[PDB]
Each structure stands twice: as C-alpha cells, then as structure tokens.
Amino acid sequence: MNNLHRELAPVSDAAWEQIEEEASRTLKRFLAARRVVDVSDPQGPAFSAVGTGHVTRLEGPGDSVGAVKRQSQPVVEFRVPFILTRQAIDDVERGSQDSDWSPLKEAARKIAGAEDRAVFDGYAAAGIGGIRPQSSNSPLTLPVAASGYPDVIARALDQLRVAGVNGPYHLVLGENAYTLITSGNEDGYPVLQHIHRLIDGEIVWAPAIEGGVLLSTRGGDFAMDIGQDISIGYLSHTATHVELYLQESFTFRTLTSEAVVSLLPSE
Amino acid sequence: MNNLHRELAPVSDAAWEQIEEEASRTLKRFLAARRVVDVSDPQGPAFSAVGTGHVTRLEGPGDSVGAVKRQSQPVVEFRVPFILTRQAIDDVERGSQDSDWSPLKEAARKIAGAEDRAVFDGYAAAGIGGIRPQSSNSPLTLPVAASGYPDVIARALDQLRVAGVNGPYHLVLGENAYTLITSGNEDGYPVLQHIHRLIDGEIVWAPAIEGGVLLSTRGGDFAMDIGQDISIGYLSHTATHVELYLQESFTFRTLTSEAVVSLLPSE
Amino acid sequence: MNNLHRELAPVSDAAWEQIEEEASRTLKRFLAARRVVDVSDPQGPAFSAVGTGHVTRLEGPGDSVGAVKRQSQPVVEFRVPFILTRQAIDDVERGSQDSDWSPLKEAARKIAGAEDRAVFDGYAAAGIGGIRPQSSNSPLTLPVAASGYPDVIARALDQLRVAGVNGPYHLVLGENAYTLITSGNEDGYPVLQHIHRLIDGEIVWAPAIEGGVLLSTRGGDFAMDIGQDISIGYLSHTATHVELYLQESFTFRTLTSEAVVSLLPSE
Amino acid sequence: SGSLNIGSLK
Amino acid sequence: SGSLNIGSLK
Amino acid sequence: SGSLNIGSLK
C-alpha cells in the first residue's frame, strides 16, 4: 500500500486495466509540453525541491562570520478528482466494451491543460516562470491568414540564429493557429511544404495554449523534473459512485531564455 | 581545481599539512554539537535543500485543479576568513615547528561557535529552529552550587521518562556550568560520581552555549545534514600575507521536541 | 603550462567544461567561412608564415651575383577579451545550470565576425586579399524580391561554367538575403526548390557579411592555413571578475580568382 | 506502482 | 578534496 | 591543449 490506496477501491482488475488504457491514450493525445521539453525520469515521492545553484546573502550569525542560503525551486503537486458510476466499473467484468469513461477523459484534459499552461505560460504560485514570459527574444504576432506564416516563422528562426542558438527548431501551435495552418489557403499556395522546409519536425498541437512557440530542442534549455508521473488514486466511494483522482508532481525551469521565441495570437 | 582554489595559494605542501593538522585538532576540541547529534556523511557541493515531507495549499491553477507545494529547509553556508603572514608559511619548509597559526585557531573557534549556536540556540535567518527553543518540555534552571546538580538532572531525566523517550541520556554543559561541576564541593559531597551514575556518558563541554541540555541519543531526533564539511580555501595574497577561509555547508532539524530538556544558566 | 595560462585562473573544472561547451556551440553556429573553404589542420604555435612560391628581384650583392627573395604571407593573430563575474563560475560547482555566459557569447560573435570578414572581404593590414575583392568574374547585384533570385544564381553559375570551373557550387548568403530567400513569396512561386535545384548544397548563412557569394568547392581554390584554432586563455582576475580571451591564429589565401562570383547587396 | 508511465513524448 | 573530514564525533 | 577543436565545418 502506497498513498494511492488502489486496493481500497471497489474496482476489479479488468476495470482497472481499461481505465489505465483510456487515461494513457487521452493523456498522450493531450500532452504537448512533453514533446519539446527535457523530461527526466520520475524521481520518487520524496523528491521535494531542485537546487538552482545560486545563493542569497544573509545577516551574519555573529563575529565576522558570513552566511549564504542556497536557493531552490519547490515541487508542485496537481490533483484532479473525478467520479465513476460503479455501473461502468461492474459492467467491465460482464464483458462490456463501451463503459462510460467520460469523467476520466475530462479529468485527463484538465490536468494536461494545467501542466501545459504551467510549463508554457507560467504558474506564479508554484514559482514557475514559464517558457514564454521568460523569453529574452522579442515576441512576434501571428498573421490572420495562413499565407503569412512562412514570413513570421523565418523571422523567428533568424532571431534564434542571431542569438547563437543551434540545434533542431520545433514549432508548437495552439488550436486556432494549427487549424488555420492545416486548413490550406484558397490561392493554392503551399505554405505547409515551405513551413516543413523551415522547421525540423512535425508541428506540435497544443490545445491548452494560444498563439505559439518556436524553440530549440538541442537539449539543456528547458528542464522538467518529474517527481511523480500522472497516476490514478482512490479517494472514497458510495453505493453508486467511486471517487478517483489524477495526480502528478513536478517542477519546471527555463535555463536558456534566448532559445525560444513566443508567437502571439493573431488579432 | 574546485571552488577552494588551493593550488593558487603561495603555500607549500608541508605548510598545508601543518595548517590542516592544526585546524583539525582545534575544531575537534571546540566542536560540541557533533557529539550528541546525528551527523550525516557529506552530501557534496550541489546539496541545496532537505525535504521536510509537508505541503502547503496553493491557489489553484484553474478549473477544479488543486495544487500543493512541497516544503523544504534550505542549506546554509558559513565562511570565516583569516590571514597568515607568509613568514610562518615559508618557515615550515625551513624546518620550523612553532609557526604562528593563531589566526587559524581564532577562525576555527569562530566557526565552531557559530555552528554550535545555530544547532543549540537556533539561527532564524537560515530557518534553523534550534534544539533548545524547539523543546516541548519545561526548562529547568541550573543551581548556583554544584551540590544542587544531582537534584536538577534527576528531575530532567524524569521529564524524559514521562515523555516516553528512551535511549542513552547525555548531558551537555556550558563553560561556567562545566567548571562549576568539575571543580568539586567544599563539603566533600561526591556530586560527580552521582551525576555519572545518572547520565550515560561523559559530560560534554560546550564553550559556545550557556546553561546546558539533557537529551536522548537513541537516534532519529536531531538530524544534521552536512553538505560540505569544514574545509580550508584560498582568497587572495599580498607580498607579506595570505587570505584563507574556513567554510562549511549544512542544515539542522529538530525532529522530536520531547527528547530534550533545556537547562537555563544559574541566576 | 603554455601561453594560455589556464591553471592560473580561479575557475573550477566544471566551469571550464561548461564554458568550453558554450564557446564551441556558439562558434559553430556563427562560423560560416569554414564551411566553404579548405581548412588545414592546426600547425602549432610556431607557425609564422606561408610561402607563396614567388620571388622578388633584389639589388645584387656584388660582382655578377644575382639575388631573389622568396615571398610569403604572414600569419595573423586575433584576440578578443571578455569578463566573467566569478559568481557564475562558482555557481557551477554548486549545481547551477543557467550561469550567465553572455560575455563569452559576445566575444565568440566578435571573433567569428572578424574571421569571416577577413576571409570574405579582406583585411589589408594582415595582407589578406579576401575572396570577393580578389574575384576576376564580374559581380552581380542581388534583387529586391526573392522571385528574382533564380535568375541571378543561374547567371552566376554560367560565369563559373564559362570560366572553366567545375565541382560543386555553393551559395553563401548574408542575413538580409538569407531571410528574404527563406521567407517565401506572396505569389506562390517556389523559388527555394528551384534554387536547390541549381545549387549543390544547403545555403550557407553568414551573419558577418552583406550580399553573397557563389563559389566552387572542388578544392584547391581557397586555402585557410590554421596555426592555432580558437582557444580560451586567461589574463587576470579581481575579487569579483575574471579576464579571459578567445584567440586564433591563421592566414588565408585566394588561389583561383575565377572560381568565385560575388553577389552585391540589393539596392 | 499506480503510475501510467507517460514519461517523455519527444 | 580540501576537507578536514571532521565528520561525527559521537 | 586549450583549443576548442572547431576545425573544418565542411
């Protein structure tokens, strides 16, 4: 028994397997920051802070003794609860293949959105700066039409090159920008082929954010330290419902501020 | 080369050996808290914080997502500089055996006193509570005469026993209390033999503190996490002097508040 | 110990490794001439001149004795100093991953720009003619719009073909020309695919120069003799700063003047 | 135990 | 390197 | 010793 009191839940093994498969699929579909960010192996439940290497001067203890305090970034824990109806859970053992896992999918969407917004836009309460607000390059506004995309991307690339940043360049686009770029132009311009000539991978789809980001994936610029990966735990149950939750524990740091350019949503 | 730029100092190998021997001797004579406290092995220069296991509720990121921040205690660094005259250093290679290492001894005394006062009386700037102010037992005042010592110690022991605390019981006394207890009584009372019948070790001498402490050394109550042990580093030199420093890096936590009784200095 | 007195710098091994990694990355991102020019292996610190094979007639020593002096091109040394704050250096040993290496990056940019401008535009003081001013072909002006690029490149290629020059043909473009060619056209013309049909490699990005160059990389036309590759050396330090420098030692000769066509920046 | 082992998707 | 290795004196 | 060994990038 660990803090996820899974054995206390009135949930059969087959129902657990189906729930885990659904959660993994939905999270992999929704998680965008993990595709362009250095993700460490899970460091365990005891992992509590990451040392930044910097110090802060203190008022001295006394006679000619100087003191400095080491600085660190704390780890944050995200939890999202959801409720299953106990009819979907019991139907699995009876051979059901269309049990209602919608609350689990909504919880997965919520937690993935929270994680993505913390990594990209920042979470001030947890001490997470965010990739975009902590960029030293000048932000660029996205165009209204898709034909304007090759012009912006190129300029963004130039900034990276002028900053001395190397390595593959990856583009992350929000829902509106992604659907605008992928829906084609009515003038027959092949903007998609030109963009894929400029960028070094598939365009990443990010439902949680607005606008976009062009960033280097050489490694060592954006560190995501994982204490606990997303896992399912049990809270309580009634005669007709079961309380579960999705939980993760992580911290994020931006190490190189010149390795990312933030694209603002079009006006 | 590490942060202690020892190879940049105009100091010969023999002088380094003599300096290290003197520092080790003086520190072992002056360091008192390390005799009654769980001291870990040095954890390296990167060691920056210790996780306490507790969490603090945050304002949520958004839609039905709850967040908690892990709590930790930061590591503190103590540095004390001292100056040698370069005549004592050069005389060592010429066969000197009475080179003046007084500044080194004074620096060792200063750093040992700072460490002891942080561990026993607390250091608020570094987040160190201290053993005595974080005691849940009622403090006892020490007597004016040595004959009163067996009465106080026994009562202190009773408190520990009433608190359910087990394990060997050790007494740490400041300079005045130690010299009063060891100087004998003029009535022929053997208070020392009675005290050694009550306590489970040698009395610890603590020049840095006033009063005393009676505490259990069963283990697991007072944790001293060492990042860097006391070491000698180099700062700068002139034609006739060398700047060195003594440096240590640690954090201290009191885990069991009922396992110590603080004895106040006599009035 | 060599002329780069690295052991005298108050810099730890980890800080040295991080500094060298950053310098290598930034230099590889900024160095453009080395991608289209024959670069020799480093010939050592004693390498002082390169013999051109030609002679100059002298006034004779005396009775019916004729004298000729061998001609050579001297080697030039480039040095760029920069200052680090000693807080970034010391933080590395404490686990820092975002130490400020901006002065190093600016020095790398400066030295790469000086090297590139010497190789392409020439450096009269060092006796370096330069690739572009020493071209026997007629220079071509670049167009204002990207659509005009296939017309110019083709004509430039024709010049090479008319000159009897063979081998792969490579295009080097300055920042404005590169960003204009890569930003696409608003008429849907695929100028990039046509250009890559005409040229025999990736377009080289040269932040140091204006305009461009189309040149053959068959080998034996542009010789860069390296005495000392770019290296980091130490000058001096204060209590809060360290003086380092980036240094290189080389000479450059253009051997075939008909193997390059210089493209002038657009007006 | 209990984790989905999503890890890195890069 | 450079430490005095005082450690624990208990 | 001390060089970055950039060499040729062709």
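Residues numbered from 1 in each chain as written, not as in the entry; some residues may be left out. Chains lettered and ligands numbered in written order. Part of a larger assembly, values for the part shown. Heavy atoms only, no water.

Per the PDB entry, chain A goes by the name Klebsiella pneumoniae family 1 encapsulin shell and belongs to Klebsiella pneumoniae. In the PDB, the entry goes by the title "Klebsiella pneumoniae SUMO-loaded encapsulin shell".

Chemist: Give a detailed account of the relation of the copies chain B and chain A, specifying residues and quantitative values.
Modeler: The two copies are related by a screw motion: chain B maps onto chain A through a turn of 180° and a shift of 0.0 Å along the axis, at an RMSD of 0.0 Å. Taken together, the rotation and translation relating the two chain copies correspond to the operation of a two-fold axis. Closest to the rotation axis within chain B is the C-alpha of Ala49 of chain B, separated from it by 3.5 Å. Most of the interface of chain B is mirrored in chain A, where 100% of its interface residues again form contacts. (Least-squares fit on C-alpha atoms. Contact = heavy atoms within 4.5 Å.)

Chemist: Account for the arrangement of the chains, naming residues and giving values.
Modeler: Ranking the 6 pairs of chains in contact by contact count places chains A and B at the top. Where chain E comes nearest to chain F, the C-alpha atoms are still 24 Å apart, and the two do not contact one another.

Chemist: Run through the interface of chain C and chain A, naming residues and quoting values.
Modeler: Taken together, the contact pairs 25 residues of chain C with 27 residues of chain A. Between chain C and chain A, roughly 2200 Å² of surface is buried when both sides are summed, and carbon and sulfur atoms account for 48% of that area. Among the residues chain C hides against chain A, the three largest losses belong to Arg25, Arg29 and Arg94 of chain C. Together they make up 24% of the total. Linking chain C to chain A there are 1 salt bridge. For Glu258 of chain A, the salt bridge goes to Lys105 of chain C, with nearest N and O atoms at 3.5 Å. Taken together, chain C and chain A are joined by 8 residue pairs in polar contact. (Buried area = accessible area lost by both parts, 1.4 Å probe. Salt bridge = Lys/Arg side-chain N within 4 Å of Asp/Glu carboxyl O. Polar contact = N/O pair within 3.5 Å; in protein donor to acceptor, adjacent residues only side chain to side chain.)

Chemist: Describe the pairing of strand 8 (residues 212-216) of chain A, naming the residues involved and giving the relevant values.
Modeler: Residues and elements named next belong to chain A. Of all the 5 residues making up strand 8, 5 are buried; the element is thus mostly covered by neighbouring parts of the structure. Across 5 bridges, strand 6 (residues 169-174) lies against strand 8 in antiparallel orientation. For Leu173, the partnering residue across the bridge sits in strand 8 and is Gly212. The sheet contact formed by strand 8 and strand 11 (residues 260-264) spans 4 bridges and is antiparallel. Residue pairing for strand 11: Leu215 is matched across the bridge by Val260. (Buried < 20%, exposed > 50% of the residue type's maximum accessible area, 1.4 Å probe, protein only. Helix = DSSP H or I, 4+ residues; strand = E, 2+ residues; numbered from the N terminus. Pairing = 2+ DSSP bridges.)

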